[PDB]
Amino acid sequence: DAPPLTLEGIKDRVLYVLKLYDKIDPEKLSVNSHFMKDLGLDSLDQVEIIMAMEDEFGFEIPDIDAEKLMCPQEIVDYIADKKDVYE
Amino acid sequence: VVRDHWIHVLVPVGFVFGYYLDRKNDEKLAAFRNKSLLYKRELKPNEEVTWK
Amino acid sequence: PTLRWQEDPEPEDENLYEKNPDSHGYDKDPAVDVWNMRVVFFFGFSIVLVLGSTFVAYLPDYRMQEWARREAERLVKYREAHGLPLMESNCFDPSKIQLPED
Amino acid sequence: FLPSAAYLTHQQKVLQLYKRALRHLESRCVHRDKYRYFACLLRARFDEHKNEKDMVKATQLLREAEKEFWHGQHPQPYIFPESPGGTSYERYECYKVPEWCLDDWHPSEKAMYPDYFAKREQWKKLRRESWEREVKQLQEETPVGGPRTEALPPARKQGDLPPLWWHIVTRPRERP
Amino acid sequence: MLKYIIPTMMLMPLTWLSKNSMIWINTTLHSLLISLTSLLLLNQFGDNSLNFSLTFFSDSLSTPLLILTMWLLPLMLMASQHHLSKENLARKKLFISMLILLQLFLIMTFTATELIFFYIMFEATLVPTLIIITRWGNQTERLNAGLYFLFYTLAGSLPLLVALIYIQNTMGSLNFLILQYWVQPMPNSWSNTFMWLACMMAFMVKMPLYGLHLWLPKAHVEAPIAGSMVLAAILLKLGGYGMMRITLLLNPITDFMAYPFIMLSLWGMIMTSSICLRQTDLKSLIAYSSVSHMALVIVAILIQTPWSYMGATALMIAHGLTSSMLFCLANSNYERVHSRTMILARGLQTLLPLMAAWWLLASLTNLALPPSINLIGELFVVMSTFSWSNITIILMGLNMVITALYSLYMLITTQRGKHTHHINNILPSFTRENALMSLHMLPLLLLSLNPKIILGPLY
Amino acid sequence: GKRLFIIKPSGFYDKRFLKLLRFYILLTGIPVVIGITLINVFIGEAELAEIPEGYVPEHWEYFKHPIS
């Protein structure tokens, strides 16, 4: 029970499940994008996104962090911290 | 090799000494040599002893 | 303006390792610790433990056990071969007894 | 009870309620489709009075929401098998050996693994090389006579490592 | 027997005229030689005791205890370094010679014939233990520990002398056979009640019974390891040995006058097993465990069945080995961290991965794992007390359950779940402590195979 | 380029102690068992006869096993 994770792979999987989400566009979907400034979605659907990451990868993230991710790059960084992603 | 160290040889000498003195004390306690009703045979065949 | 003491700052926690990585139990004298290991095993197990195990595994009949086994065998065989009931009660002879009277 | 501030806020309190109610609705509801329906219904129920300029009616509705939530929770809320309370709770803690060990080995095994221990020795020289001056100066330099916070500033000054990092970096890998 | 007395004397000037790095091999080697020398003793057979003089003799109660003492000395002597090896040479020599004089009066005490000689050698057993625990008591209340110790043991053991002199000048001499072969029953006058109360109460103090068990815990938490092992194993089972001898007299009134002490022992056994479930200071849990096992011993002594005496002496020897071992492991943990508390030193399944095997083995012997001797003892005592009364088995089984739980809590509290990761000073296990564990738990399993030796006179 | 580095406590002191323990029990565990095997394969235990007429034994010549 050890499939190897990598940074490009986790980036692709997180961007896949963000692009599959409804009320964003596949055009203006950047890695360095805000969940507050440019995507314009609210805190509620932001924590729906946080729930999507928790339900995909298989672990909770605490609410001391769920205040303050707000961008996909720090999402990738935080699952990189939970998983310690090197071979 | 005795005068090399005499410190290490002391307690077997002491054990043999205590053993010999217990032999001498039990031989001083040589009453009822055959006078029991349960352990009584004749002195046989050579020399007059049943325990020493 | 006062201390009440004058001694060393204490203690100095000596790791007994990190000067001898091959070290046995006690302090950093290198040879005599190996001598301590050799004496506490060779004169503590190699001459005490297995020899004591043989010496106490068998010895004569402690509290007359198998003597009593074979003696009871012969006595019950006698008391079957001469008809009288085995283990006669009243172990002392009632002819040699005197009850005080009323 | 949190490291950042002295309280959460009203906003994050409502938010944690939403996360808990949504998680309990997962634990209540199998088959995932009626789950998705009821989750959108719960989203609409919070959409009914999101834009109250009032505050006291908002927190009173928060308290009544907690009452209807605690009446309607689940006996086994669906805790993930990595969370505390869950199935794992440091499941492979058998091999989570701290790294102040592995230097108390006999030099035979230090000859068995030479390059790792050479690089570990230069890690420890990196640790001691910048331990006193920069780290203790940045700790006794910035804050007030009372610290009054549980964060700590980085070493943005010029060079070396942010302070108090050793037992943060050198942790077990959480699956050995 | 003087063949055992006089080399124990001649092991003392050995320690004086050996030098630095020279006392140690001499003392340890020669004490192991004396262990073989008393392993030679076991000859005892059939009809009676065996008389090693007009002055000394050995009952078969005395043979395994005497062999246990001469086994326990070199183990103890190796155990009592690394906490005094950095002290002075003359003080170290004084410590070793104190232990040798201590063992000498223990052999004097176990091989007694007359009860007055037994009493003199009883308090001669007392006086080195005092000096050891007070000089190396290693904590701030060794003062109060030694003071409580000596005043409890003397002031309990003081009228015992008067009662024995009264028996001396009302029934002739005090050889154990002439205490036997001539003893007549003594009726229920109140002077007989006070005489029985004096003798039995002095040894009650020395067991301890429940109303006088706070003698013990200060005297073990503020003692060095050598005096603690001496005190626990040899002194408590020596008190049991003394009551086992002197209970031959005064059987026609012990039935009428033994009712409060049994009930005190039973309810206090339950209370003591309860009190060692929740305390800190891990060293003291073994002490209250010892109070629990000695309460079971006292139940076994005051009921007067041969079943009871066989179970009593087996419980004595097995609990002596268990308590001495477990004190040595607690000293190992205190050598690791300078705490003595329970909740601090944690983890240690990862680190020192075979120290935990010895903790597990000691904890399961204290559980009374079933081939061991401790279950043999406890089981025959439960059988004899159920023949005593059809009701006391509630207390015995509830003792068994709470004993299981606190022994297991001792196991999985300090050595299970998570290291506190601010320790970072504990060394990997030395060869010495592993050798001490191996000297403990080879003879316990080897007697677990063949236990027909250690049963008492009523074999 | 796959394998990683486990962090063990130690192997040296532990395996050294147990190697010394098996060696220092085995050094007189083997010749004593060989000796008692030679005893009960050569020297004989005893036979089950009775007391001869007009002859007293020692306090030995009483026991089954010869080493006892």
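Residues numbered from 1 in each chain as written, not as in the entry; some residues may be left out. Chains lettered and ligands numbered in written order. Part of a larger assembly, values for the part shown. Heavy atoms only, no water. Residues with missing side-chain atoms left out of burial classes, pairs and counts.

- Named according to the PDB entry, chain D is NADH:ubiquinone oxidoreductase subunit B9 originating from Ovis aries.
- The record for the entry shows the title "Ovine respiratory complex I FRC open class 4".

- Named according to the PDB entry, chain A is Acyl carrier protein originating from Ovis aries.

1. Quick word on the overall build of chain D
Turning to step 1, where the next piece is worked out: Within chain D one finds seven helices and zero strands.
Turning to step 2, where the next piece is worked out: The order of α-helices and β-strands along chain D, N terminus first, is α-α-α-α-α-α-α.
Turning to step 3, where the next piece is worked out: For a compact globule of 176 residues, the expected C-alpha radius of gyration is about 16 Å, and chain D comes in at 25 Å, more than 25% above that figure.
Turning to step 4, where the next piece is worked out: On the principal axes, the C-alpha backbone points of chain D span a range of 65 × 45 × 20 Å. (Helix = DSSP H or I, 4+ residues; strand = E, 2+ residues; numbered from the N terminus. Rg over C-alpha atoms; globule rule 2.2 N^0.38 Å.)

2. Considerations on the overall build of chain A
Turning to step 1, where the next piece is worked out: Of regular secondary structure, chain A possesses four helices and zero strands.
Turning to step 2, where the next piece is worked out: Reading chain A from its N terminus to its C terminus gives the helix and strand order α-α-α-α.
Turning to step 3, where the next piece is worked out: Here chain A has a C-alpha radius of gyration of 13 Å; the compact-globule value for 87 residues is 12 Å, and the two agree.
Turning to step 4, where the next piece is worked out: With respect to the three principal axes, the spread of C-alpha positions in chain A is 40 × 30 × 20 Å.

3. Quick word on unusual backbone geometry
Turning to step 1, where the next piece is worked out: That bond from C:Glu10 to C:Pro11 is cis: its omega, -5°, falls within 30 degrees of zero.
Turning to step 2, where the next piece is worked out: Its location among the elements puts C:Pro11 in the segment before α1 (30–42).
Turning to step 3, where the next piece is worked out: Here the bond from E:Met207 into E:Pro208 is cis, since omega is -5°, no more than 30 degrees from zero.
Turning to step 4, where the next piece is worked out: On the secondary structure map, E:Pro208 appears in the loop between α10 (190–206) and α11 (218–221).
Turning to step 5, where the next piece is worked out: Positive phi, normally seen in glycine, also occurs at C:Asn90, with a value near 55°.

4. Side note on the arrangement of the chains
Turning to step 1, where the next piece is worked out: Contacts between protein chains span seven pairs of chains, and they are most numerous for chains C and E.
Turning to step 2, where the next piece is worked out: Regarding chain A and chain B, which are not in contact, the minimum distance between any of their C-alpha atoms is 63 Å.
Turning to step 3, where the next piece is worked out: Nothing in chain A touches chain F, and the closest approach of their C-alpha atoms is 7 Å. (Contact = heavy atoms within 4.5 Å.)

5. Some remarks on the packing of helix α16 (residues 306–336) of chain E against helix α18 (residues 373–388) of chain E
In a packed pair of helices, the relevant descriptors are the angle between the two axes and the axis-to-axis distance.
All names here are of chain E.
Turning to step 1, where the next piece is worked out: Packing of α16 against α18 leaves a shortest axis separation of 7 Å and a crossing angle of 150°. With respect to α18, the axis of α16 lies roughly antiparallel. Where α16 crosses over α18, the handedness of that crossing is left-handed. Mapping the contact onto sequence places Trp-307, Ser-308, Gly-311, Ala-314, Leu-315 and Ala-318 in α16 and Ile-373, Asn-374, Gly-377, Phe-380, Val-381 and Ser-384 in α18. (Axes fitted to C-alpha atoms, helices over the stretch in contact; angles between N-to-C directions. Parallel < 35°, antiparallel > 145°, perpendicular 65-115°, else oblique. Left-handed = near helix turned anticlockwise from the far one by under 90°.)

6. Brief notes about the interface of chain E and chain B
Turning to step 1, where the next piece is worked out: At the junction of the two partners, chain E supplies four residues and chain B supplies four residues.
Turning to step 2, where the next piece is worked out: Looking at which element gives the most residues to the side of chain E that touches chain B, the answer is helix α1 (residues 2–10) of chain E, with three residues.
Turning to step 3, where the next piece is worked out: Residues that form the side of chain E that touches chain B fall into these classes: two nonpolar, one polar and one charged. (Nonpolar A, V, L, I, M, F, W, Y, C, P; charged D, E, K, R; others polar.)

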